[PDB]
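For reference, input10.cif is printed below; it contains mmCIF, C-alpha atoms.
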data_structure
loop_
_atom_site.label_atom_id
_atom_site.label_comp_id
_atom_site.auth_asym_id
_atom_site.auth_seq_id
_atom_site.Cartn_x
_atom_site.Cartn_y
_atom_site.Cartn_z
CA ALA T 1 55.51 123.85 33.41
CA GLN T 2 56.51 124.94 29.92
CA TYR T 3 53.30 126.84 29.30
CA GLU T 4 52.32 128.91 32.33
CA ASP T 5 49.25 130.97 33.00
CA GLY T 6 50.43 134.58 33.06
CA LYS T 7 53.28 133.84 30.64
CA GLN T 8 52.25 132.78 27.12
CA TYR T 9 48.60 133.29 28.00
CA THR T 10 46.30 134.54 30.73
CA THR T 11 43.02 133.06 31.94
CA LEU T 12 39.79 135.05 31.97
CA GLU T 13 38.35 135.55 35.44
CA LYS T 14 35.00 135.32 33.75
CA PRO T 15 34.84 132.60 31.09
CA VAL T 16 32.64 133.23 28.07
CA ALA T 17 30.31 130.30 27.37
CA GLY T 18 29.47 129.47 23.75
CA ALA T 19 32.29 131.68 22.42
CA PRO T 20 34.01 130.85 19.09
CA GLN T 21 36.84 128.32 19.34
CA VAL T 22 39.55 130.68 18.10
CA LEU T 23 38.46 134.32 18.28
CA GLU T 24 40.76 137.15 17.06
CA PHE T 25 40.17 140.92 17.43
CA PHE T 26 41.85 143.60 15.39
CA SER T 27 41.57 147.18 14.10
CA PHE T 28 42.75 148.59 10.77
CA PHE T 29 44.12 151.47 12.93
CA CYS T 30 46.18 149.05 15.05
CA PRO T 31 49.93 149.04 14.28
CA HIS T 32 50.71 145.56 15.65
CA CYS T 33 47.64 144.34 13.75
CA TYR T 34 49.26 145.53 10.53
CA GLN T 35 52.37 143.56 11.44
CA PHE T 36 50.25 140.52 12.47
CA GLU T 37 48.61 140.57 9.07
CA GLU T 38 51.29 141.65 6.59
CA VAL T 39 54.63 140.63 8.14
CA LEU T 40 53.84 137.75 10.53
CA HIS T 41 50.73 136.22 8.92
CA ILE T 42 49.60 135.13 12.41
CA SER T 43 46.07 134.09 11.44
CA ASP T 44 47.34 131.87 8.72
CA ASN T 45 50.08 130.19 10.73
CA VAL T 46 47.66 129.47 13.56
CA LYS T 47 45.23 127.79 11.13
CA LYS T 48 48.08 125.68 9.76
CA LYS T 49 48.64 124.20 13.23
CA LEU T 50 45.05 124.00 14.41
CA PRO T 51 43.42 120.54 14.45
CA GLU T 52 40.60 119.42 12.27
CA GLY T 53 37.13 120.72 13.10
CA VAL T 54 38.40 124.12 14.31
CA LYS T 55 36.65 127.31 13.16
CA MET T 56 38.62 130.58 13.22
CA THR T 57 36.81 133.89 13.72
CA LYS T 58 38.17 137.42 13.23
CA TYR T 59 36.36 140.60 14.31
CA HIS T 60 37.01 144.33 13.94
CA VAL T 61 36.71 146.72 16.90
CA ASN T 62 35.31 150.22 17.38
CA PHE T 63 37.54 151.71 20.07
CA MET T 64 40.24 152.98 17.66
CA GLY T 65 39.91 155.77 15.08
CA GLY T 66 36.58 157.20 16.23
CA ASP T 67 33.92 157.57 13.53
CA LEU T 68 36.08 155.90 10.89
CA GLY T 69 36.72 153.06 13.32
CA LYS T 70 32.99 152.31 13.38
CA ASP T 71 32.74 152.56 9.60
CA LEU T 72 35.54 150.04 9.41
CA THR T 73 33.65 147.65 11.69
CA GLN T 74 30.59 147.96 9.46
CA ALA T 75 32.84 147.42 6.39
CA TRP T 76 34.35 144.32 7.90
CA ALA T 77 30.80 143.00 8.47
CA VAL T 78 30.21 143.66 4.75
CA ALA T 79 33.40 141.79 3.93
CA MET T 80 32.33 138.82 6.11
CA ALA T 81 28.82 138.67 4.61
CA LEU T 82 30.20 138.65 1.03
CA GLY T 83 33.15 136.42 1.84
CA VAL T 84 35.72 138.90 0.56
CA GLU T 85 37.94 139.26 3.63
CA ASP T 86 41.00 138.11 1.76
CA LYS T 87 40.60 140.68 -0.98
CA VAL T 88 40.16 143.77 1.16
CA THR T 89 42.26 143.12 4.26
CA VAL T 90 45.56 144.23 2.77
CA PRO T 91 44.27 147.36 0.92
CA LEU T 92 42.32 148.45 4.00
CA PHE T 93 45.41 148.19 6.18
CA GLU T 94 47.60 150.02 3.69
CA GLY T 95 44.99 152.70 2.97
CA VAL T 96 44.66 153.43 6.69
CA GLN T 97 48.29 153.10 7.86
CA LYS T 98 50.63 153.22 4.84
CA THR T 99 49.22 155.55 2.17
CA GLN T 100 46.63 157.25 4.39
CA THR T 101 44.17 157.42 1.56
CA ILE T 102 41.28 156.21 3.71
CA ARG T 103 39.57 159.14 5.38
CA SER T 104 35.87 158.53 4.89
CA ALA T 105 33.34 155.76 4.35
CA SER T 106 33.45 156.57 0.62
CA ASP T 107 37.17 155.78 0.57
CA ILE T 108 36.56 152.43 2.30
CA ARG T 109 33.98 151.73 -0.37
CA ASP T 110 36.58 152.52 -3.14
CA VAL T 111 38.82 149.74 -1.76
CA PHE T 112 35.95 147.26 -2.25
CA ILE T 113 35.15 148.60 -5.77
CA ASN T 114 38.81 148.33 -6.75
CA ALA T 115 38.85 144.78 -5.38
CA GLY T 116 36.03 144.03 -7.80
CA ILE T 117 32.96 144.00 -5.56
CA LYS T 118 30.19 145.77 -7.43
CA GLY T 119 28.82 149.10 -6.23
CA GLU T 120 25.25 147.88 -6.13
CA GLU T 121 26.36 144.74 -4.22
CA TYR T 122 28.42 146.66 -1.66
CA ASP T 123 25.78 149.32 -0.94
CA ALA T 124 23.00 146.75 -0.51
CA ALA T 125 25.24 144.75 1.86
CA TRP T 126 26.25 147.95 3.75
CA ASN T 127 22.61 148.81 4.36
CA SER T 128 21.36 145.30 5.12
CA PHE T 129 20.04 143.96 8.44
CA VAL T 130 22.26 140.91 7.95
CA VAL T 131 25.25 143.27 8.16
CA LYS T 132 23.60 145.07 11.11
CA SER T 133 23.43 141.82 13.13
CA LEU T 134 26.99 140.99 11.99
CA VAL T 135 28.11 144.38 13.42
CA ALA T 136 26.16 143.49 16.60
CA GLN T 137 28.03 140.16 16.90
CA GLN T 138 31.41 141.86 16.57
CA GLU T 139 30.51 144.30 19.28
CA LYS T 140 28.98 141.69 21.60
CA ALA T 141 31.99 139.41 21.29
CA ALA T 142 34.33 142.26 22.26
CA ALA T 143 32.06 143.36 25.09
CA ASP T 144 31.95 139.78 26.40
CA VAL T 145 35.71 139.73 27.00
CA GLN T 146 36.52 143.23 28.46
CA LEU T 147 38.35 144.17 25.28
CA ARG T 148 40.43 147.33 25.56
CA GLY T 149 43.35 146.20 23.43
CA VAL T 150 44.19 144.75 20.05
CA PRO T 151 45.55 142.55 18.53
CA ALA T 152 43.88 139.96 20.74
CA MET T 153 43.17 136.28 20.48
CA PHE T 154 40.92 134.22 22.76
CA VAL T 155 40.77 130.43 22.77
CA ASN T 156 37.43 128.77 23.62
CA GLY T 157 36.21 131.86 25.44
CA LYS T 158 38.60 131.00 28.23
CA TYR T 159 42.23 131.80 27.36
CA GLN T 160 43.88 135.00 26.12
CA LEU T 161 47.13 134.92 24.14
CA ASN T 162 49.92 136.88 25.80
CA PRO T 163 52.39 137.80 23.03
CA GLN T 164 54.28 140.12 25.44
CA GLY T 165 55.66 136.95 27.04
CA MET T 166 57.35 135.45 23.92
CA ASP T 167 60.77 136.13 22.31
CA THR T 168 60.83 138.78 19.53
CA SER T 169 64.52 138.54 18.53
CA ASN T 170 63.32 136.41 15.61
CA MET T 171 59.99 136.94 13.93
CA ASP T 172 59.63 133.36 12.66
CA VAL T 173 60.25 131.94 16.12
CA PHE T 174 57.77 134.41 17.59
CA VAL T 175 55.06 133.25 15.17
CA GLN T 176 55.66 129.54 15.82
CA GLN T 177 55.57 130.05 19.57
CA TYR T 178 52.34 131.96 19.18
CA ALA T 179 50.70 129.30 16.98
CA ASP T 180 51.98 126.45 19.18
CA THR T 181 50.50 128.25 22.15
CA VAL T 182 47.13 128.44 20.40
CA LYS T 183 47.33 124.72 19.60
CA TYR T 184 48.23 123.89 23.21
CA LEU T 185 45.31 125.97 24.52
CA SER T 186 43.06 124.38 21.90
CA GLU T 187 43.87 120.93 23.33
CA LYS T 188 43.51 122.12 26.93
#
Write out the structure in this file as structure tokens.
Amino acid sequence: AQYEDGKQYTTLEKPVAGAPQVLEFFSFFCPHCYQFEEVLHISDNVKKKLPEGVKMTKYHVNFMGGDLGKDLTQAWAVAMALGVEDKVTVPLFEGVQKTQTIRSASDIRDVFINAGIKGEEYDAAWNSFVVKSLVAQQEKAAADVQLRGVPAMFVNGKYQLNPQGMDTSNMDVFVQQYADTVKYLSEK
């Protein structure tokens, strides 16, 4: 076939019922995640080829960067609750990997302040039970799928994207193959 299990994707031995349609995992410490976000715009090109009715989810993970890694997962929950993902994603990536100006929770907070989220609003979110359960969901989703590596994408709790099995000579071709694979798996 043109799409083969074990080539552009793998199948989970243990399917996850009720899982989000398109579920992506990343870490602000993750070098390919930086690429996926800033150079390849994976999330956005996938969306562009997904059908109508398809929700996309993106979660942060704890297993990179120790204590700061966890802070970043709580901060992403804050970002999701406030709907400000698209204002903080780039500065968080660059602060962690490019300028290395993010070293503490206070520095993460500065990124949100500079993006125009108010102090009061951020700290209340940070401390809220709504953000606590949002952190819980991120963790449970990762735990559900054996997650020990990022970037990762899972389709319908059943299929896992395998970017290692796609050409990387050309970044535009890589992205289209990736998105087309998601679409194919979507329709599966």
Quiz item: Hey, what comes out of the PyMOL selection byres ((chain T and resi 160-174) around 8) on this file? Could you write it as a PyMOL selection string?
Solution: chain T and resi 6-12+40+152-155+158-159+175-178+181-182
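The result of the PyMOL selection byres ((chain T and resi 75-90) around 7) on the shown file is residues 60, 71, 72, 73, 74, 91, 92, 93, 94, 111, 112, 115, 125, 126, 131, 134 and 135 of chain T.
In this model, the gap between CA of residue 63 in chain T and CA of residue 151 in chain T comes to 12.3 Å.
Of note, CA of residue 37 in chain T and CA of residue 136 in chain T are spaced 23.9 Å apart.
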Self-check item: Selection dump of the PyMOL selection byres ((chain T and resi 17) around 9), as a VMD selection string
Solution: chain T and resid 15 to 16 18 to 19 156 to 158
Self-check item: Nearest residue to residue 22 in chain T from the set T:130, T:117, T:64, T:141 (distances using only C-alpha atoms)
Solution: T:141
Exercise. Enter the distance from CA of residue 179 in chain T to CA of residue 14 in chain T, in Å, rounded to one decimal.
Key: 23.7 Å
Return as AutoDock Vina command-line options the centre and edge lengths, in Å with one decimal, of the box along x, y and z that encloses every atom of range 81-93 of chain T in the file, padded by 5 Å per side.
--center_x 37.2 --center_y 142.4 --center_z 2.6 --size_x 26.7 --size_y 22.0 --size_z 17.2
Quiz item: If you count all atoms listed in the file, which residues fall within 10 Å of residue 68 in chain T, apart from same-chain ones fewer than 2 positions away, as a PyMOL selection string?
Solution: chain T and resi 28-29+62+64-66+70-74+96+102-105+108
Quiz prompt | Best match for closeness to residue 61 in chain T among T:185, T:1, T:39, T:30, counting all atoms listed in the file | solution = T:30
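If only C-alpha atoms are the atoms counted, then among T:41, T:137, T:150, T:106 the closest residue to residue 123 in chain T is T:106.
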Once you count only C-alpha atoms, which residues end up no further than 9 Å from (46.3, 124.7, 15.2) in the file's frame, shown as a PDB file with C-alpha atoms, in the coordinates of the input?
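Writing the result to out07.pdb gives the following:
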ATOM      1  CA  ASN T  45      50.080 130.190  10.730  1.00  0.00           C
ATOM      2  CA  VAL T  46      47.660 129.470  13.560  1.00  0.00           C
ATOM      3  CA  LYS T  47      45.230 127.790  11.130  1.00  0.00           C
ATOM      4  CA  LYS T  48      48.080 125.680   9.760  1.00  0.00           C
ATOM      5  CA  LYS T  49      48.640 124.200  13.230  1.00  0.00           C
ATOM      6  CA  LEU T  50      45.050 124.000  14.410  1.00  0.00           C
ATOM      7  CA  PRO T  51      43.420 120.540  14.450  1.00  0.00           C
ATOM      8  CA  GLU T  52      40.600 119.420  12.270  1.00  0.00           C
ATOM      9  CA  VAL T  54      38.400 124.120  14.310  1.00  0.00           C
ATOM     10  CA  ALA T 179      50.700 129.300  16.980  1.00  0.00           C
ATOM     11  CA  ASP T 180      51.980 126.450  19.180  1.00  0.00           C
ATOM     12  CA  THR T 181      50.500 128.250  22.150  1.00  0.00           C
ATOM     13  CA  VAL T 182      47.130 128.440  20.400  1.00  0.00           C
ATOM     14  CA  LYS T 183      47.330 124.720  19.600  1.00  0.00           C
ATOM     15  CA  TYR T 184      48.230 123.890  23.210  1.00  0.00           C
ATOM     16  CA  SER T 186      43.060 124.380  21.900  1.00  0.00           C
TER      17      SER T 186
END
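Distances from T:26, T:42, T:33, T:5 to residue 58 in chain T were compared using all atoms listed in the file, and the smallest one belongs to T:26.
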Regenerate range 131-159 of chain T at the level of N, CA and C atoms and dump it as a PDB file, in the coordinates of the input.
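And here is the file that came out, rebuild.pdb:
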ATOM      1  N   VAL T 131      24.042 142.562   7.757  1.00  0.00           N
ATOM      2  CA  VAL T 131      25.250 143.270   8.160  1.00  0.00           C
ATOM      3  C   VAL T 131      25.072 143.950   9.522  1.00  0.00           C
ATOM      4  N   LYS T 132      23.913 144.555   9.765  1.00  0.00           N
ATOM      5  CA  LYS T 132      23.600 145.070  11.110  1.00  0.00           C
ATOM      6  C   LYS T 132      23.802 144.023  12.232  1.00  0.00           C
ATOM      7  N   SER T 133      23.277 142.815  12.061  1.00  0.00           N
ATOM      8  CA  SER T 133      23.430 141.820  13.130  1.00  0.00           C
ATOM      9  C   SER T 133      24.901 141.376  13.206  1.00  0.00           C
ATOM     10  N   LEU T 134      25.576 141.376  12.058  1.00  0.00           N
ATOM     11  CA  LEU T 134      26.990 140.990  11.990  1.00  0.00           C
ATOM     12  C   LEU T 134      27.852 142.019  12.756  1.00  0.00           C
ATOM     13  N   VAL T 135      27.518 143.303  12.621  1.00  0.00           N
ATOM     14  CA  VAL T 135      28.110 144.380  13.420  1.00  0.00           C
ATOM     15  C   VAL T 135      27.817 144.154  14.927  1.00  0.00           C
ATOM     16  N   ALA T 136      26.570 143.815  15.234  1.00  0.00           N
ATOM     17  CA  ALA T 136      26.160 143.490  16.600  1.00  0.00           C
ATOM     18  C   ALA T 136      26.988 142.358  17.191  1.00  0.00           C
ATOM     19  N   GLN T 137      27.245 141.306  16.409  1.00  0.00           N
ATOM     20  CA  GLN T 137      28.030 140.160  16.900  1.00  0.00           C
ATOM     21  C   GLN T 137      29.455 140.561  17.215  1.00  0.00           C
ATOM     22  N   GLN T 138      30.056 141.369  16.336  1.00  0.00           N
ATOM     23  CA  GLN T 138      31.410 141.860  16.570  1.00  0.00           C
ATOM     24  C   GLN T 138      31.496 142.623  17.868  1.00  0.00           C
ATOM     25  N   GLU T 139      30.534 143.513  18.069  1.00  0.00           N
ATOM     26  CA  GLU T 139      30.510 144.300  19.280  1.00  0.00           C
ATOM     27  C   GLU T 139      30.270 143.419  20.512  1.00  0.00           C
ATOM     28  N   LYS T 140      29.320 142.488  20.420  1.00  0.00           N
ATOM     29  CA  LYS T 140      28.980 141.690  21.600  1.00  0.00           C
ATOM     30  C   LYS T 140      30.147 140.791  21.993  1.00  0.00           C
ATOM     31  N   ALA T 141      30.833 140.234  21.000  1.00  0.00           N
ATOM     32  CA  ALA T 141      31.990 139.410  21.290  1.00  0.00           C
ATOM     33  C   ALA T 141      33.065 140.201  22.025  1.00  0.00           C
ATOM     34  N   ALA T 142      33.296 141.443  21.613  1.00  0.00           N
ATOM     35  CA  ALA T 142      34.330 142.260  22.260  1.00  0.00           C
ATOM     36  C   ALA T 142      33.901 142.637  23.663  1.00  0.00           C
ATOM     37  N   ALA T 143      32.624 142.972  23.801  1.00  0.00           N
ATOM     38  CA  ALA T 143      32.060 143.360  25.090  1.00  0.00           C
ATOM     39  C   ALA T 143      32.127 142.187  26.067  1.00  0.00           C
ATOM     40  N   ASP T 144      31.891 140.977  25.573  1.00  0.00           N
ATOM     41  CA  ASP T 144      31.950 139.780  26.400  1.00  0.00           C
ATOM     42  C   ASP T 144      33.305 139.553  27.091  1.00  0.00           C
ATOM     43  N   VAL T 145      34.379 140.071  26.505  1.00  0.00           N
ATOM     44  CA  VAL T 145      35.710 139.730  27.000  1.00  0.00           C
ATOM     45  C   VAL T 145      36.557 140.891  27.555  1.00  0.00           C
ATOM     46  N   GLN T 146      35.925 142.057  27.773  1.00  0.00           N
ATOM     47  CA  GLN T 146      36.520 143.230  28.460  1.00  0.00           C
ATOM     48  C   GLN T 146      37.483 143.973  27.527  1.00  0.00           C
ATOM     49  N   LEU T 147      37.286 143.848  26.217  1.00  0.00           N
ATOM     50  CA  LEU T 147      38.350 144.170  25.280  1.00  0.00           C
ATOM     51  C   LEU T 147      38.705 145.651  25.211  1.00  0.00           C
ATOM     52  N   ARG T 148      39.934 145.966  25.629  1.00  0.00           N
ATOM     53  CA  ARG T 148      40.430 147.330  25.560  1.00  0.00           C
ATOM     54  C   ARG T 148      41.755 147.351  24.801  1.00  0.00           C
ATOM     55  N   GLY T 149      42.143 146.205  24.236  1.00  0.00           N
ATOM     56  CA  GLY T 149      43.350 146.200  23.430  1.00  0.00           C
ATOM     57  C   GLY T 149      43.348 145.202  22.298  1.00  0.00           C
ATOM     58  N   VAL T 150      43.966 145.616  21.199  1.00  0.00           N
ATOM     59  CA  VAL T 150      44.190 144.750  20.050  1.00  0.00           C
ATOM     60  C   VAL T 150      45.641 144.853  19.604  1.00  0.00           C
ATOM     61  N   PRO T 151      46.171 143.823  18.925  1.00  0.00           N
ATOM     62  CA  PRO T 151      45.550 142.550  18.530  1.00  0.00           C
ATOM     63  C   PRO T 151      45.225 141.690  19.743  1.00  0.00           C
ATOM     64  N   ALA T 152      44.227 140.829  19.632  1.00  0.00           N
ATOM     65  CA  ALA T 152      43.880 139.960  20.740  1.00  0.00           C
ATOM     66  C   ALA T 152      43.394 138.674  20.148  1.00  0.00           C
ATOM     67  N   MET T 153      43.686 137.581  20.842  1.00  0.00           N
ATOM     68  CA  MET T 153      43.170 136.280  20.480  1.00  0.00           C
ATOM     69  C   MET T 153      42.702 135.561  21.739  1.00  0.00           C
ATOM     70  N   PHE T 154      41.527 134.945  21.642  1.00  0.00           N
ATOM     71  CA  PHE T 154      40.920 134.220  22.760  1.00  0.00           C
ATOM     72  C   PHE T 154      40.648 132.816  22.284  1.00  0.00           C
ATOM     73  N   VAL T 155      41.011 131.830  23.108  1.00  0.00           N
ATOM     74  CA  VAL T 155      40.770 130.430  22.770  1.00  0.00           C
ATOM     75  C   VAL T 155      39.649 129.847  23.627  1.00  0.00           C
ATOM     76  N   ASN T 156      38.593 129.370  22.962  1.00  0.00           N
ATOM     77  CA  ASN T 156      37.430 128.770  23.620  1.00  0.00           C
ATOM     78  C   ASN T 156      36.779 129.624  24.690  1.00  0.00           C
ATOM     79  N   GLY T 157      36.779 130.933  24.478  1.00  0.00           N
ATOM     80  CA  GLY T 157      36.210 131.860  25.440  1.00  0.00           C
ATOM     81  C   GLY T 157      36.832 131.808  26.814  1.00  0.00           C
ATOM     82  N   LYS T 158      38.000 131.190  26.925  1.00  0.00           N
ATOM     83  CA  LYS T 158      38.600 131.000  28.230  1.00  0.00           C
ATOM     84  C   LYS T 158      40.042 131.500  28.365  1.00  0.00           C
ATOM     85  N   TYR T 159      40.818 131.431  27.284  1.00  0.00           N
ATOM     86  CA  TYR T 159      42.230 131.800  27.360  1.00  0.00           C
ATOM     87  C   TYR T 159      42.626 132.944  26.441  1.00  0.00           C
TER      88      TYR T 159
END
